[PDB]
Amino acid sequence: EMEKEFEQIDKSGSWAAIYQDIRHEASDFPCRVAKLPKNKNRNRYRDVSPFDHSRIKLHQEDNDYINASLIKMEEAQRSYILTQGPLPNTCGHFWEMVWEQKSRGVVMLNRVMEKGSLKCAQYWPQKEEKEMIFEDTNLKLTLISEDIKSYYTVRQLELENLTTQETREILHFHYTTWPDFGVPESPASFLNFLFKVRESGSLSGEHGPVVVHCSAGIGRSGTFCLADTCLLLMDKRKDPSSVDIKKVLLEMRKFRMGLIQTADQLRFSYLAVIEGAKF
Ligand SMILES: O=C(O)C(=O)Nc1sc2c(c1C(=O)O)CCNC2
Ligand SMILES: [Cl-]
Ligand SMILES: [Cl-]
Ligand SMILES: [Cl-]
Ligand SMILES: [Cl-]
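Residues numbered from 1 in each chain as written, not as in the entry; some residues may be left out. Chains lettered and ligands numbered in written order. Heavy atoms only, no water. Residues with missing side-chain atoms left out of burial classes, pairs and counts.

Regarding how it was determined, this PDB entry cites X-ray crystallography in its header, along with a resolution of 1.70 Å.

Given below as structure tokens:
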């Protein structure tokens, strides 16, 4: 059914039109805090900001601001934190957010450098013996091991709250092969990656929401959460073809602006959901 709706859109070549309808219908809510002068250097892209109502608030006695949004999908009973790739001055805030929100997993969908340009700070240690200390938020981050596969890498990170000496294991799920232009021709690798994140337990309700990011935290990040939520809805509903991907994306856009950044990303999400539903 959705597979037939996909074919109809492909035949009529109307992906651009449907995507623009989503942009026109998208929620608009204030982003006052993100736009305060003191937060100028906490935002990677001036045109991508968290809404006030859903932004993640830092708990320590400093500026509470981070460019991060809580997406809470009520029917699917799943939550995500979507955030930008951290800046050199916000890596401490990023790990403070992971700690305070009790996240177990971080999903990274970009490379630190892409097409020769820097899209994200090097916010985790590449070498076991060169741990990272975030003196502003009093956290220590250590690479314990990594499992490098051909299209993604899973890292075992140890995050220590230097104030309490408590430690936690954070799983770093890094999709390293998103193409330089456009979307993956096939959703096979992306779905395998999603299933690996699921199997880890990082998306379960037992701990805090997974933290998902790309460079701006809206395009690739939006594809990941949209596909995941739509697949959940298809398992839950009596008539799984009743899942309206466009409605689900508009619901998610109540929580963060600009989720899905191109018509190709929209088509890719449809294709991922169609293929993943088959399993
Ligand atoms: O990596 C991503 O998918 C992502 O959300 N990218 C985005 S969204 C977005 C930009 C970018 C960028 O990477 O330059 C530039 C400014 N406008 C919005
Ligand atoms: Cl200010
Ligand atoms: Cl990288
Ligand atoms: Cl950077
Ligand atoms: Cl948009």
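J.: Explain the UniProt feature "active site" in the chain to me, using residue names and the numbers behind them.
T.: In this structure's numbering, the residues bearing the UniProt feature "active site" are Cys214. Position of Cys214 relative to the elements: it lies in the loop between β11 (210-213) and α5 (220-236). Discounting residues that sit within four places of it in the chain, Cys214 has contacts with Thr83, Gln84, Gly85, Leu109, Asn110, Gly219, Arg220 and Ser221. (UniProt positions renumbered as here; feature names shortened; annotations may be inferred. Helix = DSSP H or I, 4+ residues; strand = E, 2+ residues; numbered from the N terminus. Contact = heavy atoms within 4.5 Å.)

J.: A description of the site of ligand 1 should follow, citing residues and the corresponding values.
T.: Close to ligand 1 lie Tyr45, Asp47, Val48, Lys119, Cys214, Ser215, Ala216, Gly217, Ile218, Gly219, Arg220 and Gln261. Measuring from an oxygen atom of ligand 1, one finds a backbone N or O atom of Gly219 at 3.0 Å. Protein burial of ligand 1: of its 420 Å² of free accessible surface, 75% is covered by the chains. Here ligand 1 occupies the largest pocket. (Near = heavy atom within 4 Å. Polar contact = N/O pair within 3.5 Å; in protein donor to acceptor, adjacent residues only side chain to side chain. Areas by Shrake-Rupley, 256 points an atom, 1.4 Å probe, with all protein chains shown as cover. 1 Å grid on protein atoms, 1.4 Å probe; cavity = no way out; pocket = protein on both sides within 12 Å on 5 of 7 lines; lining within 4 Å. Sits in = over half its atoms within 2 Å of the grid points.)

J.: Tell me about the layout of surface pockets, and please be specific about residues and values.
T.: Space inside the largest pocket adds up to approximately 470 Å³. Lining the largest pocket are 23 residues, and of these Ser215, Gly219, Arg220, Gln261 and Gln265 sit closest to its centre. Of the residues belonging to the lining of the largest pocket, the class tally is nine nonpolar, seven polar and seven charged. Considered as a void within the structure, the second largest pocket measures approximately 240 Å³ in volume. (Points joined across faces, edges and corners; volume = space filled by probe spheres on them. Nonpolar A, V, L, I, M, F, W, Y, C, P; charged D, E, K, R; others polar.)

J.: So what about the packing of aromatic side chains? Which residues, and what values?
T.: A complete count under the given rule lists 17 aromatic pairs for this structure. Relative to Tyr123, the ring of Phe94 lies with its centre 4.7 Å away and its plane at 55°, an arrangement referred to as tilted. A residue pair is termed long-range when its members are at least 10 positions apart, and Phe94 in helix α3 (residues 91-101) and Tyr123 in the loop between β6 (117-118) and β7 (132-134) qualify at 29 residues. Each member of the pair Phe94 and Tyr123 is classed as buried. Centroid distance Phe190 to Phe268: 5.3 Å. Interplanar angle 75°. Geometry classified as edge-to-face. You can see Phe190 sitting in helix α4 (residues 188-199) and its partner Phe268 sitting in helix α7 (residues 263-278), a full 78 residues away along the chain. In this structure, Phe190 and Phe268 share a single accessibility class: buried. Three or more aromatic residues link up through ring pairs in this structure, and these residues are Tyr151, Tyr152, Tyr175, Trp178, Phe190, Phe193, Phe224 and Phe268. (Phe/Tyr/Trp six-rings, centres within 6.5 Å; stacked < 30°, edge-to-face > 60°. Buried < 20%, exposed > 50% of the residue type's maximum accessible area, 1.4 Å probe, protein only.)

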